[PDB]
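Numbering (the entry's author numbering), first residue to last: 6 to 138.
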């Protein structure tokens, strides 16, 4: 019974796995990389090796109590495949990272509840620092 599922164990993904844990949430990290998943497990995180385009993987999880699935990888085409696999199984709330602004609409059409556009995230980070000065 996880509260958050983090797909993609690259820098953004592993950052979220830390921060949510510190807020006292139950998180499962998901990635195809043996090495990245095994290090997370070494650090005491809950992590599993899985292909996140595999619908049977989603069917093996209890998703009805999940708050959000976070699709955090940096490959748009892969993330769209992940989102479509997920959506073929469940309506679970999903927040998806998108690098290309032109692609936002297709992610929304494919069932992303929220899109995090990298350029928007970067802009806001700059703005927050500028406001601070």
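Don't be surprised by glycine CBs; every beta carbon is placed ideally from N, CA and C.
Under the 10 Å beta carbon count, residue 19 is surrounded by 16 or more other beta carbons and is classified as buried.
Taking C-beta separations shorter than 6 Å and ignoring five residues to either side along the sequence, the partners of residue 62 in its chain run 55, following chain order. Excluding residues up to 5 positions away in sequence, 95, 97 lie with their Cβ nearer than 7 Å to the Cβ of residue 68 in the same chain.
Residues of the same chain with a CB within less than 8 Å of the CB of residue 59, apart from the 5 flanking positions on each side, are 90 in chain order. Partner residues in the beta bridge of residue 51, as assigned by DSSP, are 33.
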